[PDB]
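Asks: My file is query-v4.csv. It has CSV, N, CA and C atoms:
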chain,number,residue,atom,x,y,z
A,1,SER,N,-16.8,-3.1,27.9
A,1,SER,CA,-15.8,-2.9,29.0
A,1,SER,C,-15.0,-1.7,28.6
A,2,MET,N,-14.3,-1.2,29.6
A,2,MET,CA,-13.4,-0.1,29.4
A,2,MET,C,-12.2,-0.6,28.7
A,3,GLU,N,-11.8,-1.8,28.9
A,3,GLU,CA,-10.6,-2.4,28.2
A,3,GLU,C,-10.9,-2.4,26.7
A,4,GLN,N,-12.0,-3.0,26.2
A,4,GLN,CA,-12.5,-2.9,24.8
A,4,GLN,C,-12.4,-1.5,24.2
A,5,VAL,N,-13.0,-0.5,24.9
A,5,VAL,CA,-12.9,0.9,24.5
A,5,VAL,C,-11.5,1.4,24.3
A,6,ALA,N,-10.6,1.1,25.2
A,6,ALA,CA,-9.2,1.5,25.1
A,6,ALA,C,-8.5,0.9,23.9
A,7,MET,N,-8.8,-0.3,23.6
A,7,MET,CA,-8.3,-1.0,22.4
A,7,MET,C,-8.8,-0.4,21.2
A,8,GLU,N,-10.1,-0.1,21.2
A,8,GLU,CA,-10.7,0.7,20.1
A,8,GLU,C,-10.2,2.1,19.9
A,9,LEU,N,-9.8,2.8,20.9
A,9,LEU,CA,-9.1,4.1,20.8
A,9,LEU,C,-7.7,3.9,20.1
A,10,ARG,N,-7.0,2.9,20.5
A,10,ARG,CA,-5.7,2.6,20.0
A,10,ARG,C,-5.8,2.3,18.4
A,11,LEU,N,-6.8,1.5,18.1
A,11,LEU,CA,-7.1,1.2,16.7
A,11,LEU,C,-7.4,2.4,15.9
A,12,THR,N,-8.2,3.3,16.5
A,12,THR,CA,-8.5,4.6,15.9
A,12,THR,C,-7.3,5.5,15.7
A,13,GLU,N,-6.5,5.6,16.7
A,13,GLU,CA,-5.3,6.3,16.6
A,13,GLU,C,-4.3,5.7,15.5
A,14,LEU,N,-4.2,4.4,15.4
A,14,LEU,CA,-3.4,3.8,14.4
A,14,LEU,C,-3.9,4.1,13.0
A,15,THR,N,-5.3,4.1,12.9
A,15,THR,CA,-5.9,4.4,11.7
A,15,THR,C,-5.6,5.8,11.2
A,16,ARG,N,-5.6,6.7,12.1
A,16,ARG,CA,-5.3,8.1,11.8
A,16,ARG,C,-3.8,8.2,11.2
A,17,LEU,N,-2.9,7.6,12.0
A,17,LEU,CA,-1.5,7.6,11.5
A,17,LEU,C,-1.3,7.0,10.1
A,18,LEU,N,-2.0,5.8,9.9
A,18,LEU,CA,-1.9,5.1,8.6
A,18,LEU,C,-2.5,5.8,7.5
A,19,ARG,N,-3.5,6.7,7.7
A,19,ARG,CA,-4.1,7.5,6.7
A,19,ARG,C,-3.1,8.6,6.3
A,20,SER,N,-2.3,9.2,7.2
A,20,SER,CA,-1.3,10.1,6.8
A,20,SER,C,-0.1,9.4,6.1
A,21,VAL,N,0.3,8.2,6.5
A,21,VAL,CA,1.3,7.4,5.8
A,21,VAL,C,0.8,7.2,4.4
A,22,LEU,N,-0.5,6.8,4.2
A,22,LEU,CA,-1.0,6.4,2.9
A,22,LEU,C,-1.0,7.6,2.0
A,23,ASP,N,-1.4,8.7,2.5
A,23,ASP,CA,-1.3,10.0,1.7
A,23,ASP,C,0.1,10.3,1.2
A,24,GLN,N,1.0,10.2,2.1
A,24,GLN,CA,2.4,10.4,1.8
A,24,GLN,C,3.0,9.4,0.8
A,25,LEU,N,2.6,8.1,0.9
A,25,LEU,CA,3.0,7.1,-0.1
A,25,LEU,C,2.4,7.4,-1.4
A,26,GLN,N,1.2,7.7,-1.4
A,26,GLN,CA,0.5,8.0,-2.7
A,26,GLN,C,1.0,9.3,-3.4
A,27,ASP,N,1.5,10.3,-2.7
A,27,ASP,CA,2.2,11.4,-3.3
A,27,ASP,C,3.5,11.0,-4.0
A,28,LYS,N,4.0,9.9,-3.7
A,28,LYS,CA,5.1,9.4,-4.4
A,28,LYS,C,4.8,8.7,-5.8
A,29,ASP,N,3.5,8.7,-6.1
A,29,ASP,CA,3.0,8.1,-7.3
A,29,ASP,C,2.2,9.2,-8.1
A,30,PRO,N,2.9,10.3,-8.5
A,30,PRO,CA,2.2,11.4,-9.1
A,30,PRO,C,1.5,11.1,-10.4
A,31,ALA,N,2.0,10.1,-11.1
A,31,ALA,CA,1.3,9.6,-12.3
A,31,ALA,C,0.0,8.8,-12.1
A,32,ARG,N,-0.3,8.4,-10.8
A,32,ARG,CA,-1.4,7.6,-10.4
A,32,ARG,C,-1.5,6.3,-11.1
A,33,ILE,N,-0.3,5.7,-11.3
A,33,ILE,CA,-0.2,4.3,-11.8
A,33,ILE,C,-0.8,3.3,-10.9
A,34,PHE,N,-0.7,3.5,-9.6
A,34,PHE,CA,-1.2,2.5,-8.5
A,34,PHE,C,-2.4,3.0,-7.8
A,35,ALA,N,-3.1,4.0,-8.2
A,35,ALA,CA,-4.3,4.6,-7.7
A,35,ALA,C,-5.5,3.7,-7.6
A,36,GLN,N,-5.7,2.8,-8.6
A,36,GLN,CA,-6.9,2.0,-8.8
A,36,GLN,C,-6.5,0.5,-9.1
A,37,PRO,N,-7.4,-0.4,-8.8
A,37,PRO,CA,-7.1,-1.8,-9.3
A,37,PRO,C,-6.9,-1.9,-10.8
A,38,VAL,N,-6.0,-2.8,-11.1
A,38,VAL,CA,-5.8,-3.2,-12.5
A,38,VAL,C,-7.2,-3.7,-13.0
A,39,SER,N,-7.7,-3.0,-14.1
A,39,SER,CA,-9.0,-3.4,-14.8
A,39,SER,C,-9.0,-4.8,-15.5
A,40,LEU,N,-9.9,-5.7,-15.1
A,40,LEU,CA,-10.0,-7.0,-15.8
A,40,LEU,C,-10.6,-6.8,-17.1
A,41,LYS,N,-11.4,-5.8,-17.4
A,41,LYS,CA,-11.8,-5.4,-18.7
A,41,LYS,C,-10.6,-5.2,-19.6
A,42,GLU,N,-9.6,-4.4,-19.2
A,42,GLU,CA,-8.4,-4.1,-20.0
A,42,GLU,C,-7.1,-5.0,-19.9
A,43,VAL,N,-7.1,-5.9,-18.9
A,43,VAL,CA,-6.0,-6.9,-18.7
A,43,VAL,C,-6.7,-8.2,-18.3
A,44,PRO,N,-7.5,-8.8,-19.3
A,44,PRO,CA,-8.4,-9.9,-18.9
A,44,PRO,C,-7.6,-11.1,-18.3
A,45,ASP,N,-6.4,-11.2,-18.6
A,45,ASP,CA,-5.5,-12.4,-18.1
A,45,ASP,C,-4.9,-12.1,-16.7
A,46,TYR,N,-5.2,-10.9,-16.1
A,46,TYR,CA,-4.3,-10.4,-15.0
A,46,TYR,C,-4.3,-11.4,-13.8
A,47,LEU,N,-5.4,-12.0,-13.5
A,47,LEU,CA,-5.5,-12.9,-12.4
A,47,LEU,C,-4.8,-14.3,-12.6
A,48,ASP,N,-4.5,-14.6,-13.9
A,48,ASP,CA,-3.7,-15.8,-14.2
A,48,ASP,C,-2.2,-15.5,-13.8
A,49,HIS,N,-1.8,-14.2,-13.7
A,49,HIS,CA,-0.5,-13.8,-13.4
A,49,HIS,C,-0.3,-13.5,-11.9
A,50,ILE,N,-1.2,-12.7,-11.4
A,50,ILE,CA,-1.1,-12.1,-10.1
A,50,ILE,C,-2.3,-12.6,-9.2
A,51,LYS,N,-1.9,-13.3,-8.2
A,51,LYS,CA,-2.8,-13.9,-7.2
A,51,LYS,C,-3.5,-13.0,-6.2
A,52,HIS,N,-2.8,-12.0,-5.8
A,52,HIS,CA,-3.4,-11.1,-4.8
A,52,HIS,C,-3.1,-9.6,-5.3
A,53,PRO,N,-4.0,-9.1,-6.2
A,53,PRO,CA,-3.9,-7.7,-6.6
A,53,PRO,C,-4.1,-6.7,-5.5
A,54,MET,N,-3.5,-5.5,-5.7
A,54,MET,CA,-3.6,-4.5,-4.7
A,54,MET,C,-3.3,-3.2,-5.3
A,55,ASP,N,-3.8,-2.1,-4.7
A,55,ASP,CA,-3.8,-0.8,-5.3
A,55,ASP,C,-4.2,0.2,-4.1
A,56,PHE,N,-4.0,1.5,-4.3
A,56,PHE,CA,-4.2,2.4,-3.2
A,56,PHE,C,-5.6,2.6,-2.9
A,57,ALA,N,-6.5,2.5,-3.8
A,57,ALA,CA,-8.0,2.7,-3.5
A,57,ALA,C,-8.4,1.6,-2.6
A,58,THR,N,-8.0,0.3,-2.9
A,58,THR,CA,-8.3,-0.8,-2.1
A,58,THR,C,-7.8,-0.7,-0.7
A,59,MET,N,-6.5,-0.2,-0.5
A,59,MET,CA,-5.9,0.0,0.8
A,59,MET,C,-6.8,1.0,1.6
A,60,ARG,N,-7.2,2.1,0.9
A,60,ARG,CA,-7.9,3.2,1.5
A,60,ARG,C,-9.3,2.7,2.0
A,61,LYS,N,-9.9,1.8,1.3
A,61,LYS,CA,-11.2,1.2,1.7
A,61,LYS,C,-11.0,0.3,3.0
A,62,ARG,N,-9.9,-0.4,3.0
A,62,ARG,CA,-9.6,-1.2,4.1
A,62,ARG,C,-9.3,-0.3,5.4
A,63,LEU,N,-8.6,0.8,5.2
A,63,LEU,CA,-8.2,1.7,6.2
A,63,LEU,C,-9.4,2.3,6.9
A,64,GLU,N,-10.4,2.8,6.1
A,64,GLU,CA,-11.6,3.5,6.6
A,64,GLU,C,-12.6,2.5,7.3
A,65,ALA,N,-12.5,1.3,7.1
A,65,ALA,CA,-13.1,0.3,7.9
A,65,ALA,C,-12.2,-0.2,9.1
A,66,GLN,N,-11.2,0.6,9.4
A,66,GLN,CA,-10.2,0.3,10.5
A,66,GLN,C,-9.8,-1.2,10.4
A,67,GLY,N,-9.5,-1.6,9.1
A,67,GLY,CA,-9.1,-3.0,8.8
A,67,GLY,C,-7.7,-3.4,8.9
A,68,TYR,N,-6.8,-2.4,9.2
A,68,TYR,CA,-5.4,-2.7,9.5
A,68,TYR,C,-5.2,-2.7,11.1
A,69,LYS,N,-4.8,-3.8,11.6
A,69,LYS,CA,-4.7,-4.0,13.1
A,69,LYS,C,-3.3,-3.5,13.5
A,70,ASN,N,-2.3,-3.5,12.6
A,70,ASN,CA,-1.0,-3.0,12.9
A,70,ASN,C,-0.2,-2.5,11.6
A,71,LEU,N,1.0,-2.0,11.7
A,71,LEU,CA,1.7,-1.5,10.6
A,71,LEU,C,2.2,-2.6,9.6
A,72,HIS,N,2.5,-3.7,10.2
A,72,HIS,CA,2.9,-4.9,9.4
A,72,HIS,C,1.9,-5.2,8.3
A,73,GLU,N,0.6,-5.3,8.7
A,73,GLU,CA,-0.5,-5.6,7.7
A,73,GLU,C,-0.6,-4.5,6.6
A,74,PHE,N,-0.4,-3.3,6.9
A,74,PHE,CA,-0.5,-2.2,6.0
A,74,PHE,C,0.7,-2.3,5.0
A,75,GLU,N,1.9,-2.5,5.6
A,75,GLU,CA,3.1,-2.7,4.8
A,75,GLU,C,3.0,-3.9,3.8
A,76,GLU,N,2.5,-5.0,4.3
A,76,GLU,CA,2.2,-6.1,3.4
A,76,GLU,C,1.5,-5.7,2.1
A,77,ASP,N,0.4,-4.9,2.3
A,77,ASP,CA,-0.4,-4.5,1.2
A,77,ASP,C,0.4,-3.5,0.3
A,78,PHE,N,1.1,-2.6,0.9
A,78,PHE,CA,2.0,-1.7,0.1
A,78,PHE,C,3.0,-2.5,-0.8
A,79,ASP,N,3.6,-3.4,-0.1
A,79,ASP,CA,4.6,-4.3,-0.8
A,79,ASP,C,3.9,-5.1,-2.0
A,80,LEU,N,2.7,-5.5,-1.8
A,80,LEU,CA,2.0,-6.2,-2.9
A,80,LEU,C,1.8,-5.3,-4.1
A,81,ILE,N,1.5,-4.0,-3.9
A,81,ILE,CA,1.4,-3.0,-5.0
A,81,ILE,C,2.7,-3.1,-5.9
A,82,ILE,N,3.8,-3.0,-5.2
A,82,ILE,CA,5.1,-2.9,-5.8
A,82,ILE,C,5.5,-4.2,-6.5
A,83,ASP,N,5.3,-5.2,-5.7
A,83,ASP,CA,5.9,-6.6,-6.1
A,83,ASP,C,5.0,-7.1,-7.2
A,84,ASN,N,3.7,-6.9,-7.3
A,84,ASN,CA,2.9,-7.4,-8.3
A,84,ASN,C,3.3,-6.7,-9.6
A,85,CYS,N,3.5,-5.4,-9.5
A,85,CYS,CA,3.9,-4.6,-10.7
A,85,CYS,C,5.3,-5.0,-11.3
A,86,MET,N,6.2,-5.3,-10.5
A,86,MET,CA,7.5,-5.8,-10.9
A,86,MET,C,7.6,-7.2,-11.4
A,87,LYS,N,6.5,-8.0,-11.2
A,87,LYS,CA,6.4,-9.3,-11.8
A,87,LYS,C,5.7,-9.2,-13.1
A,88,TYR,N,4.6,-8.5,-13.2
A,88,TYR,CA,3.7,-8.4,-14.4
A,88,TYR,C,4.4,-7.6,-15.5
A,89,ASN,N,5.0,-6.5,-15.1
A,89,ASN,CA,5.7,-5.7,-16.1
A,89,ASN,C,7.2,-5.9,-16.2
A,90,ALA,N,7.7,-5.7,-17.4
A,90,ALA,CA,9.1,-5.8,-17.7
A,90,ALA,C,9.9,-4.6,-17.1
A,91,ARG,N,11.1,-4.9,-16.9
A,91,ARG,CA,12.1,-3.9,-16.5
A,91,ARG,C,12.1,-2.5,-17.2
A,92,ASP,N,12.0,-2.6,-18.5
A,92,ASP,CA,12.1,-1.5,-19.4
A,92,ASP,C,10.7,-0.7,-19.6
A,93,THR,N,9.8,-0.8,-18.6
A,93,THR,CA,8.5,-0.2,-18.8
A,93,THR,C,8.3,0.9,-17.8
A,94,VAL,N,7.4,1.9,-18.2
A,94,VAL,CA,7.1,2.9,-17.3
A,94,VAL,C,6.5,2.4,-16.0
A,95,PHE,N,5.7,1.3,-16.0
A,95,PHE,CA,5.1,0.8,-14.9
A,95,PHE,C,6.1,0.2,-13.9
A,96,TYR,N,7.0,-0.6,-14.4
A,96,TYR,CA,8.1,-1.2,-13.5
A,96,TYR,C,8.9,-0.1,-12.9
A,97,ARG,N,9.3,0.9,-13.7
A,97,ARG,CA,10.1,2.0,-13.2
A,97,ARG,C,9.4,2.8,-12.1
A,98,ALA,N,8.1,3.0,-12.3
A,98,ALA,CA,7.3,3.8,-11.3
A,98,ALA,C,7.2,3.0,-9.9
A,99,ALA,N,7.2,1.7,-10.0
A,99,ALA,CA,7.2,0.8,-8.8
A,99,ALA,C,8.5,0.9,-8.1
A,100,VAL,N,9.6,0.9,-8.8
A,100,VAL,CA,10.9,1.0,-8.2
A,100,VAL,C,11.0,2.4,-7.5
A,101,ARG,N,10.5,3.4,-8.1
A,101,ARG,CA,10.6,4.8,-7.5
A,101,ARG,C,9.7,4.9,-6.3
A,102,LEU,N,8.5,4.4,-6.3
A,102,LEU,CA,7.6,4.3,-5.2
A,102,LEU,C,8.2,3.5,-4.0
A,103,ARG,N,8.8,2.4,-4.3
A,103,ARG,CA,9.5,1.6,-3.3
A,103,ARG,C,10.6,2.4,-2.6
A,104,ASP,N,11.5,3.0,-3.4
A,104,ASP,CA,12.6,3.8,-2.9
A,104,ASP,C,12.2,4.9,-2.0
A,105,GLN,N,11.3,5.7,-2.5
A,105,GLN,CA,10.7,6.8,-1.8
A,105,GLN,C,9.9,6.5,-0.7
A,106,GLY,N,9.1,5.4,-0.8
A,106,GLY,CA,8.2,5.0,0.3
A,106,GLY,C,9.0,4.4,1.5
A,107,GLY,N,10.1,3.8,1.3
A,107,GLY,CA,11.0,3.3,2.3
A,107,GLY,C,11.3,4.3,3.4
A,108,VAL,N,11.5,5.5,3.0
A,108,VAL,CA,11.9,6.6,3.9
A,108,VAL,C,10.7,7.0,4.8
A,109,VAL,N,9.5,7.1,4.2
A,109,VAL,CA,8.3,7.3,4.9
A,109,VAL,C,8.0,6.2,5.9
A,110,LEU,N,8.2,4.9,5.5
A,110,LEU,CA,7.9,3.8,6.3
A,110,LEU,C,8.9,3.6,7.5
A,111,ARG,N,10.1,4.0,7.2
A,111,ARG,CA,11.2,3.9,8.2
A,111,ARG,C,10.8,4.7,9.4
A,112,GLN,N,10.2,5.9,9.2
A,112,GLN,CA,9.9,6.8,10.3
A,112,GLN,C,8.5,6.4,10.9
A,113,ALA,N,7.5,6.0,10.1
A,113,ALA,CA,6.3,5.4,10.5
A,113,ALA,C,6.5,4.3,11.5
A,114,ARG,N,7.4,3.4,11.3
A,114,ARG,CA,7.7,2.3,12.2
A,114,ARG,C,8.1,2.8,13.5
A,115,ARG,N,8.9,3.9,13.5
A,115,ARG,CA,9.4,4.5,14.8
A,115,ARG,C,8.2,5.2,15.5
A,116,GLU,N,7.3,5.9,14.7
A,116,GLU,CA,6.1,6.5,15.3
A,116,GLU,C,5.1,5.6,15.9
A,117,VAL,N,4.9,4.4,15.3
A,117,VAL,CA,3.9,3.4,15.8
A,117,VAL,C,4.4,2.7,17.0
A,118,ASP,N,5.7,2.3,17.1
A,118,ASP,CA,6.4,1.8,18.3
A,118,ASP,C,6.4,2.9,19.4
A,119,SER,N,6.9,4.1,19.1
A,119,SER,CA,7.0,5.2,20.0
A,119,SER,C,5.7,5.5,20.7
A,120,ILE,N,4.6,5.9,19.9
A,120,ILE,CA,3.3,6.2,20.5
A,120,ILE,C,2.5,4.9,20.9
A,121,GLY,N,3.0,3.7,20.6
A,121,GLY,CA,2.5,2.5,21.1
A,121,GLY,C,1.2,2.1,20.5
Here is a file; write its structure as structure tokens.
Replies:
Amino acid sequence: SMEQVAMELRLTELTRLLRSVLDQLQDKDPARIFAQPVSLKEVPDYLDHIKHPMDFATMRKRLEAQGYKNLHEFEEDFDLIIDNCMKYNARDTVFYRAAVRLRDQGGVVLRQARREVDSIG
């Protein structure tokens, strides 16, 4: 149907916007601390601590399969990246501090993305 097609075009346009958001969020992580999943070879106990791991590569895979239906879903995954890190790592670590900085800087990007997604519908 043409209605299905139109919905598919909206999904595609959202996907384009979210890819630009994701690039912008990831530039706020110049150390690439959140680039890839936590390695179970190097933190074998990780899953005893963190129930839903997340990282930028995993988000990017979801994005390219047009797997985010709205901005809320994408933000949930971004928040997992930060929140997981702040639970697993202590306050005095480079990891926790990088999460705090990503959160603060990403909030600005997400504030306007919310306006763009509403605005362009």
Asks: Show me, as an NGL selection string, the residues that have an atom within 6.5 Å of region 73-89 of chain A when counting all atoms listed in the file, minus same-chain residues fewer than 5 positions from it.
Replies: :A and (50 or 53-55 or 68 or 95-96 or 99)
Asks: Go through A:93, A:104, A:98, A:51 and flag the residue nearest residue 33 (chain A), using only N, CA and C atoms for the distances.
Replies: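 With only N, CA and C atoms as the atom set, the closest residue is A:98.
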Asks: Which is closer to residue 63 (chain A) than all the others in A:101, A:111, A:10, A:19, using only N, CA and C atoms?
Replies: A:19
Asks: Could you please write out, as a ChimeraX atom specification, every residue of region 17-113 of chain A that DSSP assigns to helix (DSSP H, G or I)?
Replies: /A:17-27,46-49,56-64,71-88,94-113
Asks: What is the CA of residue 71 (chain A) to atom N of residue 37 (chain A) distance in Å?
Replies: 21.5 Å
Asks: Go ahead and compute the interatomic distance for CA of residue 30 (chain A) and CA of residue 117 (chain A), in Å to one decimal.
Replies: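 About the pair CA of residue 30 (chain A) and CA of residue 117 (chain A): they are 26.2 Å apart.
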Asks: With 5 Å of padding per side, what axis-aligned box (centre and edge lengths, Å, one decimal) covers all the listed atoms of region 73-87 of chain A? Give it as lines of an AutoDock Vina configuration file.
Replies:
center_x = 3.5
center_y = -5.5
center_z = -2.2
size_x = 18.2
size_y = 17.6
size_z = 31.8
Asks: Report the distance between atom C of residue 121 (chain A) and atom C of residue 69 (chain A) in Å, rounded to one decimal place.
Replies: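 One can read the atom C of residue 121 (chain A) to atom C of residue 69 (chain A) distance as 10.0 Å.
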Asks: When distances are computed from only C-alpha atoms, which of A:12, A:105, A:112, A:70 shows the smallest separation from residue 29 (chain A)?
Replies: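 Distance minimum relative to residue 29 (chain A) lands on A:105.
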Asks: Show me, as a VMD selection string, the residues that have an atom within 10 Å of residue 36 (chain A) when counting only C-alpha atoms, minus same-chain residues fewer than 4 positions from it.
Replies: chain A and resid 32 54 to 59
Asks: Which is closer to residue 21 (chain A) than all the others in A:120, A:35, A:8, A:109, using only N, CA and C atoms?
Replies: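 Closest candidate: A:109.
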